[PDB]
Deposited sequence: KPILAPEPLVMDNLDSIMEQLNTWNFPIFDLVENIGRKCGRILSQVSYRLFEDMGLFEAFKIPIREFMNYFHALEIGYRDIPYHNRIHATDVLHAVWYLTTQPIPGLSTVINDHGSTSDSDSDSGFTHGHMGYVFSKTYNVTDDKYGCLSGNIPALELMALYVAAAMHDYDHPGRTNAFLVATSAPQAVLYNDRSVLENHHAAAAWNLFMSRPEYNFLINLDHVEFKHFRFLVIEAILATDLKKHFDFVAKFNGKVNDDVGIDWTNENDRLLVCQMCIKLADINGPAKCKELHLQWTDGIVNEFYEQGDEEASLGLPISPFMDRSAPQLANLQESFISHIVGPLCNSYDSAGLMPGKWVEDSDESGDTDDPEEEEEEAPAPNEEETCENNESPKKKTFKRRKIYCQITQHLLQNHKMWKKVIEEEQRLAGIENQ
């Protein structure tokens, strides 16, 4: 009766494209159409590679049959909406595997697991997977697979204002992030054939479940400047990141998944453009349901008077901008030395920001000449 699995566990039609997975501009939308998009099993397939790559299938003895059984049941729960669907969950999963298993210029490494490739030869090139035990990372990878699970398609401010049953239930405090963690964990304990975490202790499964919930709840944006303020207070005046501390290792994974959640305007201009049509396509739907009730349509959520460029320029300067400055002043962004340091991720942010300032200039200047 329950969703169990597809018959062949690990498909192989999608080979020669998982090989170019160690690159920041992973062609996610080409792997989608590559897979039969009628059903959708990308999340379980991208997850099996990144878990096989890290080597967590042996360090914890995770039965592969029950593993794929779960993650296939996970992706079926992700609704069919324009942005917060099973493709966004695969992009946020990949982005945390990249940020934690790639060379960081000037990182002092110290149960651990390093990436399959990693080409470990330098002493100035550390990776975050060598500063965090494998338990904290498998929690961070499972927290990213199920972090928008069963998304209604609306934002928190909409559920709160309209008094949705999910908002009265969770008391108007992280109405969605509490729902993704509850509804996803509740599906895990539902059947016995999902328990891929069978060879764990009682104290491990308690610490594992704690880190998974504390990461799915850091992807809330109402608590954005609280995290960014806390993170700068521990890299500016403190002794730095104390990789022996467990609160500091937690705050570094709460930023690593915060940055991976909003990582659209840090990829190539073609990838960032596809996502942006995704999110506003979701907003316009909310404006439809918001106007059919009598409530004034929200800013940026009016498909008749769109402001797609105004929204993306406020987002990059207000939200994504100051978050990468914090994650970069702490010396954690993966880059490369210049024989001073090159950053591919920060460069796309600068290029994409300037791209929208043209669209706003030519749209105000042109508009000004018409209306005199």
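Mapping the modelled residues onto the deposited sequence reveals missing stretches at 111-131, 361-401.
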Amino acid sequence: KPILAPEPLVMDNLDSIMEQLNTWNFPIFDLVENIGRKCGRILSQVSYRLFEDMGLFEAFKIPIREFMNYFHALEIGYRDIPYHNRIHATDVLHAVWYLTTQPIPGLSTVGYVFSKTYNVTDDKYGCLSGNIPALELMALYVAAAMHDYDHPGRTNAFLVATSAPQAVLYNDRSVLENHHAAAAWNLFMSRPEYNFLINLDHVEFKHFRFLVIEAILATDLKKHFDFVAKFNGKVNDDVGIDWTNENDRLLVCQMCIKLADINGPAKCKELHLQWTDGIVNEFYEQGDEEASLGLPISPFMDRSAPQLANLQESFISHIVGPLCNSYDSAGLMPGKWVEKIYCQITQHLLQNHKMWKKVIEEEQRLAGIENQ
From here on, numbers count along this sequence of modelled residues.
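Throughout, rigid core stands for the largest set of C-alpha atoms superposing within 1.5 Å between the two forms.
Rigid core fits of the other structures in 4 other deposited structures of this protein place the C-alpha atoms of one stretch farther away on average; of 246-254 and 231-239, that stretch is 231-239. Greater C-alpha displacement in 4 other deposited structures of this protein (rigid core superposition, RMS over structures and residues), of 329-337 versus 32-40: 32-40.
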